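What follows is a single structure, written as structure tokens, with notes after it.
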Amino acid sequence: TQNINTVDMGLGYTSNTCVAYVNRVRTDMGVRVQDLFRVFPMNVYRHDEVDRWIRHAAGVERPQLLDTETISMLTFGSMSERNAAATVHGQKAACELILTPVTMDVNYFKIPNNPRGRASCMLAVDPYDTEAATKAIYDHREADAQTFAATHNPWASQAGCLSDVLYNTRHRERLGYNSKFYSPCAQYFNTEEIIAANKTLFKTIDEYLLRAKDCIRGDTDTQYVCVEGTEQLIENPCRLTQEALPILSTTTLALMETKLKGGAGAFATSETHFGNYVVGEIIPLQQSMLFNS
Amino acid sequence: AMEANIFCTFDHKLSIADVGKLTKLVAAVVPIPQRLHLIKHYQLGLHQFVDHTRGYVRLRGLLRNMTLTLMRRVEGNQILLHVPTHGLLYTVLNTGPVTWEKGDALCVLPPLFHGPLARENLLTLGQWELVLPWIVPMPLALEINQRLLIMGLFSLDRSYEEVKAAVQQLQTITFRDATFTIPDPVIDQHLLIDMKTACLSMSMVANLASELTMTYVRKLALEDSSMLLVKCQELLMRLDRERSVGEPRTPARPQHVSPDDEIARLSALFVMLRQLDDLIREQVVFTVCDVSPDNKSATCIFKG
Amino acid sequence: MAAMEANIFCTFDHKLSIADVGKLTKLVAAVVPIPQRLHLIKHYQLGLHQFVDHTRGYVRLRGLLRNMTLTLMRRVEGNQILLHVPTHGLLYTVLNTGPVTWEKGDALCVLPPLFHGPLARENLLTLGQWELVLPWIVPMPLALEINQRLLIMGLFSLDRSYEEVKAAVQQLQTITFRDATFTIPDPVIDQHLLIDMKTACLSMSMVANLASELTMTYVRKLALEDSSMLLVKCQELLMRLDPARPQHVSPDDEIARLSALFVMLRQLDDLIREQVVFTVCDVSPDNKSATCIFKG
Amino acid sequence: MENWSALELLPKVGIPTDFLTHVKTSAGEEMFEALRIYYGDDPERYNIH
Amino acid sequence: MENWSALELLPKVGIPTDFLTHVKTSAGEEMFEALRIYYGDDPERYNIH
Amino acid sequence: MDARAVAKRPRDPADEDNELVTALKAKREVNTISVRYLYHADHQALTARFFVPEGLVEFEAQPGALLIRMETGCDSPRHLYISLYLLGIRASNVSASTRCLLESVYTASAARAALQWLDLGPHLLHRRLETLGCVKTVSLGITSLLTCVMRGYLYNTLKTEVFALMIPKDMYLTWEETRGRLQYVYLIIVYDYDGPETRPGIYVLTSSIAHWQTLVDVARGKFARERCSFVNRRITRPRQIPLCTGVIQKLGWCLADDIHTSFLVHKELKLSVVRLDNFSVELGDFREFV
Amino acid sequence: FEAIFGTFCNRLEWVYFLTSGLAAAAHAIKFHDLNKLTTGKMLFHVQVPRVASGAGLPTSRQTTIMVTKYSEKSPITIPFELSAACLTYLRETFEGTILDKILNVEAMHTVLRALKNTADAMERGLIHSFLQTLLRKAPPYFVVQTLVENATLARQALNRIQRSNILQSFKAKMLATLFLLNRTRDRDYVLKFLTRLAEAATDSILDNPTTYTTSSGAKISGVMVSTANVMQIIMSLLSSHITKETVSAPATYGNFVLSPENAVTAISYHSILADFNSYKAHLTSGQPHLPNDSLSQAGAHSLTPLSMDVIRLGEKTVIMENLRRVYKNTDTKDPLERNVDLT
Amino acid sequence: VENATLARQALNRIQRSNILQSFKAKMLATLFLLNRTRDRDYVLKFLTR
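Residue numbers (the authors' numbering), protein chains in the order written: chain A, 1078 to 1370; chain B, 3 to 306; chain C, 1 to 242, 253 to 306; chain D, 1 to 49; chain E, 1 to 49; chain F, 1 to 290; chain G, 50 to 392; chain H, 197 to 245.
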């Protein structure tokens, strides 16, 4: 055994890190949605015949878990999802959020912004002011941060909305669920954490160097939450900003060809075609990551 | 030379390949019929206790008197063997059918070969072979002993299929990480004598106590210091359905039994219990602390 | 407080004759129960003699002996008595007092003394209105026969006339065992039995309800077909009279009834049991010494 | 709450102390654990018990 | 609760201490406002930190 | 064989050099490791590490407790370790004030799984429990790594302090009026069969008694009220077969004189507890009686 | 016949903590009685300089400021084992047959391997736990970059406009600096970036007059570590600045022997202050300042040369270091090899 | 060589898949050398690699 004792002799920070060189990407960068039936197994339809028709259409299995197994299922969780027989790419993820057909995409998707549809940076908020801190992120009498329209996404920004009851960890904790599955979107909805997350500026990044990182097991197909320690920790830059990054997307195959046929700057630009649109890409990784190899 | 050791020899010369099959059992339990020093391999092992007409009870009762002895180290033409001291930890070996879990109680039981083949044997050598007892966890071992007695209770009435359908299910134990078919004591129709010798011991108290006890309840009932005897006399009715004015309100009692014969009914009541007693209890020979990975070796503190 | 000392010195107040000290040298490694477990006990506490009573009940000596702490005598230099207390599970030499053959490998149990044919108890130690009564070490089967009869003695007396009570006590007091005869000193019906006699009869009753009808009919069916030397004797022990298939086959319920029955035989059978102590390995040819292991 | 009355009476060591964001901006953001700023002279230090 | 462990290690003075009523009697009378009597040898005195 | 060889006293390990030191002495090569004195070379006590969920670490953080394993029909965890204090919400013996006290401490979701599992089954509680030992040197974390004792005195490493064993006051009782110089600690579980459900009824019971016969005789005293119930249930419910009015098993023994009352302090809430001192561990299997 | 040509076995490498360039970031000390202590601390004192106010403006009184650092504690543990079978052939030799001696010579080397496999592991764990601590004190570059850019303006506790302006640089510096060699690769833009790191690093409070010093009087400062695949690029693009050098590394750990006066204070009230005897004379003299504060006084007078790499960034000769040498074949994940999620 | 260092354990199913991804991207880009680019620094880097 050994007993080292570190001492923070530095007044200001004496160490710093900058991300440098990608070599590979574990993520599938896929599309397949998270299966809530494996996230909330206990939920079932009231009518008997209806559930037989729903699971048959989604293709989801309908396990007959024993009453003993369900209790541990709601606590420690389990890797309920069967691993794929072959995976040429890697782990997949794609959490889903229903939103307005008349979303103001020109003011939203073109630039990085909160998936909730109302910006909720805690650094902009006055530290240790829980009353004001919870008002700007929920109460809509105040003008919104970023775009000053009160709420681009009424079905997401509201407290108690379908995105809130279904993805906030405390509202999810009241429901039965498998904790081991990892939903990327949950980090934006942790009201009991994010409201307490605000602090003085130097103390905020210090907590960012501890609790902010999340565990993800590395051998399983789909992502799973894991006990910290044995697995390498994964910091998320978005936790400091609470603003998700837009990516390239095309309404139709036609507009996609113009991007692939273009030069190095083609990914950066955004385009529209009547009711169709094409989101621009804020970080030109698509040209860089593949060509850089 | 601090460690005590029980030496053993071999009459047959070992094959060099055979020497390595003892090294796979460095920690296996090696029961010894009687404490000694030099021991011929014919004395070694449970195989000398094998019997033909005798049933499973003979293999188990002799095992209780055997001095369990952990294997130490094979050394050429020798077998080191140490008898564990009480209260010290030792690394035994999980040769038993069921995987161990931490903290489980353990009690030795004779091996039980079943129907379909699986693991068989490795140490055949001139008729004699090195059989080893199973080391089942205790809570499962109580279930095993209950099956062999009840399966012999149905041995008298194999003729009907519904009885055979039940014994077929009692034969199949179902527990954690394991399923097994414990062999039926019934064979060649008639039951083996050692089970029939034991099955009567249960039927004795099941019947002999159904009449002899009636006389002694009424006299002790006068005290009522614990009050239960007022209801204890009605516990002897042996019935489920409520009485319906058939008037068997009071138990039947023996009539004018001879005073000398009355003593014989009680004197023989307990000699049957002395035979049945061996199956009633299982000493905890070992208590595992933490199972080693691969479910092979496991450290255990010796008990008893 | 220091944990009770492994080594105990016993010192006698009364002056000892040479005839006494010579008996102690041959008494070495005998089991000598003590109650106090003090580092320096008086000889009055030594032995079982101080607990004797006018009733001289053999029953009360059985329960009082169970509260005793067994010890092995060692090194009888001079007046001092080195009563070492054995550790559990270790080997120790043992020296017999009661004349019993002691077959090797049997379990042993401490027992209140009986008497052999002389009745003199001769070569016993008398020491000024005091004696050294050391309880016998006996084989386990003898501990059953000496006690299972004793439970019967309180039962049979309950319904019989006093002239018929003495007739049974006269027979049950003697117990042959491994050639040698034995007899129980002053058996005594007492409240010491009644506290135990009642729970036995209660244990006799609960077993009568636990049994399945097939478990009780198993012999009456067996007499219809098979015949054997054991089965003929069992009919003498039972009332004579008072395939249709079993009435109900519920194996999950049948096996559950058996588990409660084992609770009774771990209890009712244990009433005649005494806790085992020494485990014989190799008896000496003189049968005056034997290595032993394990305690109560 | 430490023993702030001691620190201004105990002898210390003068050290260079360059660091980012002023000094009130750093201590005022609680980047250090314990702190005890005061804008005047402190009457409370001469007492001893 | 005091700091009895300091007294159990620090060197003292050989002062005679005659007084009435034995000495264990004083512990049973609470004549002193605080005490920590104990019988056997105490391992705990070595718990320096 | 030599006459001097039998003259020799039994070998003293402490006089001998350490096995790690001896190989270094043959090469005369210093290493950074301090091999001069191996730790835990002198402990008669036997121990084994137990990984534990973080939600059950409370109360156990104070040295001295009881870890009884609890088998479960779930495939994972297959064995949820249970503190005796966690079992107090289940025991009928605990006072409703004492029960409400510690129950607030068990707000962790991992602790919530325990109460769900004791109730769902038909099996009796004593069959699912298994005594293991006592806490010492808690690791504390998301997965606590307790070093539970198997057979011996609890104490701090290097013998610096002898840990006491803690027992709640409600579960402790004294049959004797005058303590003996020695008394064994028998853990005991006694059901009170009734009707809709069979409540437990824990009672740790120090006693001078050692022999099993006299030990279960005094147990028939105050517990005779359950004895009237266990028999009354038999005539009441044919086909139903209640078994074991109670269970006794040895846990260890104590010097008796060292015992005195105390109280634990955790999460602000206090809880008075009987405090065994030099409790040597001596495990004993459950023993049925009616 | 089935011939078997001679067997081979790898030779062990001899890593050391002081030999590594990561040690330049630490002032290592030995302290035998470490197990007893609970917490350490170092109180600070800062009185603010001020400038004269103009007419019509509020002035500024002198403002004393004091703060107290603490000290985190972590341990490490490596199991290793010897089979009792091989262990008993050690001291318990049998007859002196030539065959029996082989098991003695083998068991004696079984211990030498069992120790040096762990003794070598003990040095690497200090490399690993120390680098593990720096990651907890290593804010992402865009955070530190925002400070140096707007530190100067916010003399007061940050304004709500200032806090918003600080947040604006958190994003603008995140979308471009998120990856470097993957994107731009100008040889000057890398040097322009890396030289900006050393200006953003605050100096450690203690100073080292001589330890870690370039020959001919150049004063070393700073250090950095990376995976070999990234250092393989940096050796090329910045080869004009990189030079090998024999750094004067300390030869041995320092020590912090307790003062005899501390031995009383450790028992009297369970607390200690370093060099307690030194403070007494400074009160009687009335002098405020002291020559040193223990931690810089903790030995390490010895020094030894060893070769290292350095770079000329801002006239700060930063040490270069690579940890590929000390994590090869190890079953642990390399701490420098991590990953970054992007929503 | 690009991925050997990370995979101390036997390769993960995600690791094996990223191994396959390099097999396609490298096989096409390096399918022919002198037939494609003839840059001096590129071939000098490719050969020392």
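Think of the CB as a built atom: it goes at the ideal place given N, C-alpha and C, for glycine as much as any other residue.
Reduced DSSP category for residue i - H, G, I as helix; E, B as strand; rest coil
{"i": "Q148/C", "result": "helix"}
{"i": "residue 244/C", "result": "Because chain C is numbered from 242 directly to 253, the model contains no atoms for residue 244/C."}
{"i": "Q96/G", "result": "strand"}
{"i": "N199/G", "result": "helix"}
{"i": "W212/F", "result": "helix"}
{"i": "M284/G", "result": "helix"}
{"i": "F228/H", "result": "coil"}
{"i": "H116/B", "result": "coil"}
{"i": "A300/B", "result": "strand"}
{"i": "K305/B", "result": "coil"}
{"i": "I8/B", "result": "coil"}
{"i": "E29/E", "result": "helix"}
{"i": "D292/C", "result": "strand"}
{"i": "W253/F", "result": "strand"}
8 angstroms Cβ cutoff met for residue i and residue j
{"i": "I8/B", "j": "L72/B", "result": "no"}
{"i": "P256/C", "j": "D242/B", "result": "no"}
{"i": "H1229/A", "j": "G1253/A", "result": "no"}
{"i": "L283/F", "j": "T131/F", "result": "yes"}
{"i": "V219/B", "j": "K104/B", "result": "no"}
{"i": "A203/G", "j": "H49/D", "result": "no"}
Integer-rounded CB distance, given that residue j should sit under 8 angstroms from residue i
{"i": "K305/C", "j": "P86/C", "result": "6 angstroms"}
{"i": "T1277/A", "j": "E29/D", "result": "4 angstroms"}
{"i": "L352/G", "j": "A298/G", "result": "7 angstroms"}
{"i": "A200/G", "j": "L20/D", "result": "4 angstroms"}
Rounded straight-line distance, which links the Cα of residue j to that of residue i
{"i": "residue 308/F", "j": "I248/F", "result": "What is shown of chain F runs 1 to 290, which leaves residue 308/F out entirely."}
{"i": "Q1079/A", "j": "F51/F", "result": "22 angstroms"}
{"i": "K26/B", "j": "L124/B", "result": "10 angstroms"}
{"i": "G221/F", "j": "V1116/A", "result": "54 angstroms"}
{"i": "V231/F", "j": "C234/B", "result": "7 angstroms"}
Contact test: residue i Cβ vs the ligand PLP heavy atom, cutoff 7 angstroms
{"i": "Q249/F", "result": "With respect to the ligand PLP, the structure offers nothing, as it holds no ligand at all."}
So, does the region 53 to 71 of chain G touch the region 133 to 150 of chain F, judging by three or more C-beta pairs under 8 angstroms? Counting Cβ pairs under 8 angstroms, fewer than three are found: no touch.
Given 8 angstroms, three or more beta-carbon pairs between the region 66 to 80 of chain C and the region 269 to 278 of chain C: Here the region 66 to 80 of chain C does not lie against the region 269 to 278 of chain C, with fewer than 3 beta-carbon pairs under 8 angstroms apart.
Within 8 angstroms, do at least three Cβ pairs link the region 209 to 218 of chain B to the region 198 to 216 of chain C? Result yes; three or more Cβ-Cβ pairs closer than 8 angstroms.
Is the number of C-beta pairs between the region 9 to 25 of chain F and the region 68 to 77 of chain F that are closer than 8 angstroms three or more? As far as the Cβ criterion goes, the region 9 to 25 of chain F does not touch the region 68 to 77 of chain F, which means the pair count is below three.
Looking at C-beta atoms only, is the number of pairs between the region 357 to 370 of chain G and the region 161 to 180 of chain G that lie closer than 8 angstroms three or more? Counting Cβ pairs under 8 angstroms, fewer than three are found: no touch.
Could you tell me whether the region 170 to 185 of chain B touches the region 37 to 50 of chain B, where touching means 3 or more Cβ pairs closer than 8 angstroms? The region 170 to 185 of chain B vs the region 37 to 50 of chain B: no contact.
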